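First the structure, in the form of structure tokens, and then the observations on it.
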Amino acid sequence: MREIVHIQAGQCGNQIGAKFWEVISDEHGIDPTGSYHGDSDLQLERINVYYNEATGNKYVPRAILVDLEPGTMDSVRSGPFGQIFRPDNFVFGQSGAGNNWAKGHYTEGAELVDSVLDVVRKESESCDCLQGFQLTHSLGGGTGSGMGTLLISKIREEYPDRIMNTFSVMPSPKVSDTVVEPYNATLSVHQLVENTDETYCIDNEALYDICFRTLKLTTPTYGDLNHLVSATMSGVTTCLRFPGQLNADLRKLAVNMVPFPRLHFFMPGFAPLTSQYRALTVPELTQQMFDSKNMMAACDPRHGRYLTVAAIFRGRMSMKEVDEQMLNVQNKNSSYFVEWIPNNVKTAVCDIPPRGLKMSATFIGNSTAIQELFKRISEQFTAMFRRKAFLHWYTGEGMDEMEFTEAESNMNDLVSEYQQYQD
Amino acid sequence: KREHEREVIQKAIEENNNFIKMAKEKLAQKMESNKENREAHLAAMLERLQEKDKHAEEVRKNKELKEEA
Ligand SMILES: Nc1nc2c(ncn2[C@@H]2O[C@H](COP(=O)(O)OP(=O)(O)O)[C@@H](O)[C@H]2O)c(=O)[nH]1
Ligand SMILES: COc1cc(S(=O)(=O)Oc2ccc3[nH]c(C)cc3c2)cc(OC)c1OC
Ligand SMILES: [Ca+2]
Ligand SMILES: [Mg+2]
């Protein structure tokens with residue numbers, strides 16, 4: 001049994017995490033009470049990866065809900081699948097992080113981090129073979145950004161030989177809460193570079209554009225954006241949650257997707273983009289999958305090169321045709337794949353499709369074009385930091401200007417590292 | 001990294017405690033300086049008035065000197 005411990009921190013991390021558990025509980029036939037009511041035994045072959053079996057054939061998610069405010073977690077407990085989580089796994093504070101990285105990471109989250117690790121330890125001790133942890137959070141706030149990275153750093157100290165995986169939501173001025181989001185994002189990115197094995201870069205700018213340009217939504221809400229995240233998270237965990245001839249685990253993904261330890265930020269993609277009765281052919285799935293308009297990272301793949309690519313097709317389809325279309329993409333646009341990593345595109349097919357779709361495809365790409373995302377964050381960071389604007393919110397929590405300068409340098413170094421492998 | 005985390009939260013406490021200390025000392029200085037100043041002005045006013053009484057007790061002293069002559 002290769003179990004995964006799920007952690008969700010902050011408002012964004014819990015709302016996105018709650019939707020993720022709502023989606024995959026439906027896929028595994030788990031009702032909000034926690035009882036299995038499915039048909040196929042394939043829904044329970046690897047149910048232990050994300051669920052713990054309780055007395056009376058009850059399935060409880062191996063999830064830990066963390067926040068410095070009680071508001072969002074009260075919504076989750078009152079949500080559709082709120083009754084499925086362990087009451088013990090609700091670890092929350094009262095003051096909040098105030099959209100401040102320092103409060104999450106240094107002052108307010110420090111008071112709460114130890115109690116979270118006790119729940120992490122309680123879940124890890126009851127695992128036959130713990131393969132790692134996955135964290136859902138945003139980088140532009142204070143709790144998921146500040147405390148989440150603090151949790152990652154402390155979890156690595158206690159579990160150094162386990163895989164750290166994150167679903168990290170990048171801030172964007174298009175969908176913005178505070179002007180200090182570039183500060184929080186730049187501080188978090190430096191943490192993610194050193195302490196995570198795989199990070200799915202979910203850009204709120206990309207999610208907004210997909211809802212606006214593609215799905216034709218004039219005023220997208222966070223629910224609309226989180227619908228795209230749920231589809232992506234379900235897709236990128238399909239190989240973990242469903243049986244296949246690949247025996248997929250987190251470590252194997254990291255070994256094959258990450259050729260250099262710091263370049264572990266993946267571009268997720270999904271097809272078809274949904275917000276609907278016509279079936280999608282395999283050539284259509286492959287074309288949309290590599291299309292920039294289906295990318296969740298707001299980067300143009302044609303502006304860089306793919307180091308490694310992992311693709312997941314879901315539904316009853318011709319595996320012969322899937323290999324035809326995947327090879328067609330590589331042989332056509334071979335200039336967008338590195339020629340010094342042979343066979344850097346992996347394809348897996350799962351017979352069980354997501355809810356409401358006959359055919360779907362999920363894209364996981366380690367493209368050097370992701371530097372555009374870090375360039376965008378860096379430019380927004382520098383424009384404020386050159387004038388030391390809003391810095392008092394952080395120096396009042398004990399931080400120093402030097403820490404921001406180091407984070408800025410690490411951010412620009414990461415762009416330099418992604419740039420050298422583009423030639 | 002753990003050492004840096006302790007130093008940041010200790011620096012935050014030190015600067016908040018220093019802010020409370022600086023305000024308490026500044027206010028104590030101002031209230032003490034104000035009390036000394038206002039008392040010094042009232043003392044000066046009473047000094048002039050008590051000097052006037054000395055001049056009044058002296059003007060009467062001159063009339064008693066000349067009425068008996
Ligand atoms: N996609 C998505 N992004 C969110 C959501 N809630 C907040 N955000 C983003 O996250 C940032 C705010 O962080 P937040 O989660 O509120 O901070 P925290 O609660 O202190 O950890 C902003 O850049 C928002 O755009 C959500 O439900 N979905
Ligand atoms: C947990 O997520 C996944 C894990 C795996 S894996 O365990 O077989 O790792 C590998 C093995 C060989 C590889 N070659 C390349 C270029 C990438 C790669 C990854 C495959 C996936 O889909 C293809 C996954 O996506 C859901
Ligand atoms: Ca406190
Ligand atoms: Mg918020």
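Note on naming: chains are A, B, ... as they come in the structure tokens, residues start from 1 per chain, ligands start from 1 in the order shown.
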
Could you tell me, counting only C-alpha atoms and all ligand atoms, which protein and nucleic acid residues lie no more than 7 Å from ligand 4, written as a ChimeraX atom specification?
-> /A:11,99,141,177

Go through chain A residue by residue and, counting only C-alpha atoms and all ligand atoms, keep those with an atom at most 10 Å from ligand 3; for each kept residue give the shortest atom pair and its distance in Å to one decimal, ordered by chain and increasing number, as JSON lines.
```
{"residue": "A:93", "atom": "CA", "partner": "ligand 3", "partner_atom_place_in_ligand_line": "1 (Ca)", "distance": 9.3}
{"residue": "A:94", "atom": "CA", "partner": "ligand 3", "partner_atom_place_in_ligand_line": "1 (Ca)", "distance": 9.1}
{"residue": "A:95", "atom": "CA", "partner": "ligand 3", "partner_atom_place_in_ligand_line": "1 (Ca)", "distance": 7.7}
{"residue": "A:107", "atom": "CA", "partner": "ligand 3", "partner_atom_place_in_ligand_line": "1 (Ca)", "distance": 8.0}
{"residue": "A:108", "atom": "CA", "partner": "ligand 3", "partner_atom_place_in_ligand_line": "1 (Ca)", "distance": 6.4}
{"residue": "A:109", "atom": "CA", "partner": "ligand 3", "partner_atom_place_in_ligand_line": "1 (Ca)", "distance": 9.3}
{"residue": "A:110", "atom": "CA", "partner": "ligand 3", "partner_atom_place_in_ligand_line": "1 (Ca)", "distance": 9.3}
{"residue": "A:111", "atom": "CA", "partner": "ligand 3", "partner_atom_place_in_ligand_line": "1 (Ca)", "distance": 6.7}
{"residue": "A:112", "atom": "CA", "partner": "ligand 3", "partner_atom_place_in_ligand_line": "1 (Ca)", "distance": 9.2}
```

Written selection (N, CA and C atoms) as a PDB file, in the first residue's frame:
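Just written: selection09.pdb:
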```
ATOM      1  N   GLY A  93      -6.505  28.028  13.468  1.00  0.00           N
ATOM      2  CA  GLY A  93      -6.306  29.112  14.401  1.00  0.00           C
ATOM      3  C   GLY A  93      -7.441  30.114  14.358  1.00  0.00           C
ATOM      4  N   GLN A  94      -7.192  31.287  14.941  1.00  0.00           N
ATOM      5  CA  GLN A  94      -8.251  32.281  15.075  1.00  0.00           C
ATOM      6  C   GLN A  94      -7.837  33.654  14.556  1.00  0.00           C
ATOM      7  N   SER A  95      -6.549  33.983  14.655  1.00  0.00           N
ATOM      8  CA  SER A  95      -6.105  35.326  14.292  1.00  0.00           C
ATOM      9  C   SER A  95      -6.088  35.526  12.781  1.00  0.00           C
ATOM     10  N   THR A 107       5.455  34.254  12.418  1.00  0.00           N
ATOM     11  CA  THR A 107       4.842  34.645  13.683  1.00  0.00           C
ATOM     12  C   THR A 107       3.574  33.859  14.003  1.00  0.00           C
ATOM     13  N   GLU A 108       2.549  33.966  13.159  1.00  0.00           N
ATOM     14  CA  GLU A 108       1.259  33.375  13.499  1.00  0.00           C
ATOM     15  C   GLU A 108       1.230  31.878  13.216  1.00  0.00           C
ATOM     16  N   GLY A 109       1.798  31.453  12.085  1.00  0.00           N
ATOM     17  CA  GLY A 109       1.820  30.040  11.752  1.00  0.00           C
ATOM     18  C   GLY A 109       2.768  29.225  12.604  1.00  0.00           C
ATOM     19  N   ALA A 110       3.795  29.861  13.171  1.00  0.00           N
ATOM     20  CA  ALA A 110       4.700  29.147  14.063  1.00  0.00           C
ATOM     21  C   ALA A 110       3.957  28.615  15.280  1.00  0.00           C
ATOM     22  N   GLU A 111       2.974  29.373  15.769  1.00  0.00           N
ATOM     23  CA  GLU A 111       2.186  28.957  16.922  1.00  0.00           C
ATOM     24  C   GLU A 111       1.290  27.759  16.618  1.00  0.00           C
ATOM     25  N   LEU A 112       1.019  27.478  15.341  1.00  0.00           N
ATOM     26  CA  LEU A 112       0.091  26.423  14.958  1.00  0.00           C
ATOM     27  C   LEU A 112       0.752  25.238  14.265  1.00  0.00           C
TER      28      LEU A 112
END
```

Neighbourhood of ligand 1 at 8 Å, counting only C-alpha atoms and all ligand atoms, reported as a PyMOL selection string = chain A and resi 9-16+67-69+96-100+104+137-147+169-173+175-178+181+202-204+207+222-223+225-226+229

May I have the residues of chain B within 7 Å of chain A, counting only C-alpha atoms, written as a ChimeraX atom specification?
-> /B:5,8-9,11-12

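Comparing A:205, A:53, A:41, A:249 by their smallest distance to ligand 2, the closest is A:249 (using only C-alpha atoms and all ligand atoms).
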
Set the cut-off to 8 Å, count only C-alpha atoms and all ligand atoms, and list whatever residues fall near ligand 2 as a count of residues only.
-> 31

Running DSSP on the backbone, which parts of segment 141-345 of chain A land in strand (DSSP E or B), as a PyMOL selection string?
-> chain A and resi 163-170+172+175+198-203+265-271+295+306-314+337+345

Next, the residues of the selection above should be written as a compact mmCIF listing (two decimals), in the first residue's frame with N, CA, C and O atoms.
```
# COMPACT_ATOMS: atom_id res chain seq x y z
N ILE A 163 8.37 11.91 -0.83
CA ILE A 163 8.17 12.84 -1.93
C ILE A 163 7.28 13.99 -1.47
O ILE A 163 6.22 13.78 -0.86
N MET A 164 7.71 15.22 -1.75
CA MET A 164 6.90 16.40 -1.50
C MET A 164 6.31 16.88 -2.82
O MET A 164 7.04 17.18 -3.77
N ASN A 165 4.98 16.95 -2.88
CA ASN A 165 4.24 17.34 -4.07
C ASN A 165 3.30 18.47 -3.71
O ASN A 165 2.69 18.46 -2.63
N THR A 166 3.18 19.47 -4.58
CA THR A 166 2.30 20.61 -4.31
C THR A 166 1.47 20.95 -5.54
O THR A 166 1.92 20.83 -6.68
N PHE A 167 0.24 21.39 -5.27
CA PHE A 167 -0.60 22.08 -6.24
C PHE A 167 -0.62 23.54 -5.82
O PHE A 167 -1.36 23.92 -4.90
N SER A 168 0.19 24.36 -6.47
CA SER A 168 0.44 25.73 -6.05
C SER A 168 -0.23 26.70 -7.01
O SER A 168 0.08 26.70 -8.21
N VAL A 169 -1.12 27.53 -6.48
CA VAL A 169 -1.85 28.51 -7.29
C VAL A 169 -1.07 29.81 -7.31
O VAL A 169 -0.82 30.42 -6.27
N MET A 170 -0.69 30.25 -8.51
CA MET A 170 0.08 31.48 -8.68
C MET A 170 -0.86 32.69 -8.71
O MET A 170 -1.93 32.63 -9.32
N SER A 172 -2.24 36.51 -9.74
CA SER A 172 -2.32 37.26 -10.98
C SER A 172 -3.07 38.56 -10.72
O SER A 172 -4.06 38.56 -9.98
N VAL A 175 -6.88 38.32 -11.27
CA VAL A 175 -7.67 37.83 -10.14
C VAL A 175 -6.82 38.08 -8.90
O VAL A 175 -6.04 37.21 -8.47
N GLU A 198 7.84 17.90 -6.84
CA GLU A 198 6.98 18.22 -7.97
C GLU A 198 6.01 19.31 -7.56
O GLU A 198 5.36 19.20 -6.52
N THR A 199 5.90 20.35 -8.38
CA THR A 199 4.95 21.44 -8.15
C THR A 199 4.14 21.66 -9.42
O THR A 199 4.70 21.99 -10.46
N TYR A 200 2.83 21.46 -9.32
CA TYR A 200 1.92 21.77 -10.42
C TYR A 200 1.60 23.26 -10.37
O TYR A 200 0.90 23.72 -9.46
N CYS A 201 2.11 24.01 -11.34
CA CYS A 201 1.94 25.46 -11.37
C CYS A 201 0.57 25.78 -11.95
O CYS A 201 0.35 25.68 -13.15
N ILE A 202 -0.36 26.16 -11.08
CA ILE A 202 -1.71 26.53 -11.47
C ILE A 202 -1.79 28.05 -11.43
O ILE A 202 -1.74 28.66 -10.36
N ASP A 203 -1.91 28.68 -12.60
CA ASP A 203 -1.89 30.13 -12.71
C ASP A 203 -3.32 30.64 -12.74
O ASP A 203 -4.12 30.21 -13.58
N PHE A 265 8.89 22.35 -11.83
CA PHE A 265 7.62 23.08 -11.90
C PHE A 265 6.93 22.71 -13.20
O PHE A 265 7.42 23.03 -14.29
N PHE A 266 5.78 22.05 -13.09
CA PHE A 266 5.11 21.45 -14.23
C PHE A 266 3.97 22.34 -14.73
O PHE A 266 3.30 23.01 -13.94
N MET A 267 3.77 22.33 -16.04
CA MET A 267 2.63 23.00 -16.65
C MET A 267 1.50 22.00 -16.81
O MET A 267 1.63 21.06 -17.63
N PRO A 268 0.40 22.12 -16.08
CA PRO A 268 -0.73 21.22 -16.27
C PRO A 268 -1.66 21.68 -17.39
O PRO A 268 -1.85 22.87 -17.63
N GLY A 269 -2.23 20.70 -18.07
CA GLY A 269 -3.18 20.98 -19.14
C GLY A 269 -4.29 19.95 -19.14
O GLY A 269 -4.10 18.81 -18.71
N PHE A 270 -5.45 20.37 -19.63
CA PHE A 270 -6.64 19.52 -19.62
C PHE A 270 -7.41 19.70 -20.92
O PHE A 270 -7.39 20.77 -21.53
N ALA A 271 -8.09 18.63 -21.34
CA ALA A 271 -8.96 18.66 -22.51
C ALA A 271 -10.00 17.57 -22.37
O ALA A 271 -9.66 16.47 -21.91
N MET A 295 -3.63 25.20 -21.39
CA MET A 295 -2.62 25.18 -20.34
C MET A 295 -3.10 25.98 -19.13
O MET A 295 -3.76 27.01 -19.27
N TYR A 306 10.00 21.63 -24.41
CA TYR A 306 9.58 20.64 -23.42
C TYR A 306 10.77 19.79 -23.02
O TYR A 306 11.41 19.16 -23.87
N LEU A 307 11.07 19.76 -21.72
CA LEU A 307 12.06 18.82 -21.21
C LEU A 307 11.47 17.42 -21.14
O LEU A 307 12.00 16.48 -21.75
N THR A 308 10.37 17.26 -20.41
CA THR A 308 9.66 16.00 -20.30
C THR A 308 8.16 16.28 -20.34
O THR A 308 7.71 17.36 -19.95
N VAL A 309 7.40 15.31 -20.84
CA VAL A 309 5.95 15.43 -20.96
C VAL A 309 5.32 14.12 -20.50
O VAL A 309 5.76 13.04 -20.90
N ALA A 310 4.28 14.22 -19.68
CA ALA A 310 3.48 13.08 -19.26
C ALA A 310 2.02 13.35 -19.61
O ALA A 310 1.46 14.37 -19.20
N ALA A 311 1.40 12.43 -20.35
CA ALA A 311 0.04 12.60 -20.83
C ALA A 311 -0.83 11.44 -20.36
O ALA A 311 -0.39 10.28 -20.36
N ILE A 312 -2.06 11.75 -19.95
CA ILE A 312 -3.00 10.77 -19.43
C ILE A 312 -4.30 10.89 -20.21
O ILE A 312 -4.95 11.94 -20.17
N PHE A 313 -4.69 9.82 -20.89
CA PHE A 313 -5.95 9.76 -21.60
C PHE A 313 -6.94 8.92 -20.80
O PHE A 313 -6.59 7.87 -20.26
N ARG A 314 -8.18 9.40 -20.71
CA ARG A 314 -9.21 8.75 -19.91
C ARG A 314 -10.43 8.46 -20.78
O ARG A 314 -10.89 9.33 -21.53
N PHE A 337 10.56 20.08 -28.41
CA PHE A 337 11.03 19.08 -27.45
C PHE A 337 12.55 19.04 -27.50
O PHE A 337 13.15 19.18 -28.57
N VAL A 345 8.42 11.79 -23.78
CA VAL A 345 6.97 11.91 -23.72
C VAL A 345 6.39 10.57 -23.32
O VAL A 345 6.60 9.56 -24.02
```

What is the distance, in Å and to one decimal place, between atom CA of residue 6 of chain A and atom CA of residue 185 of chain A?
->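 Interatomic distance here is 21.5 Å.
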
DSSP alpha helix (DSSP H) residues within segment 199-340 of chain A, as a PyMOL selection string | chain A and resi 204-209+222-236+238-241+250-257+282-290+319-332
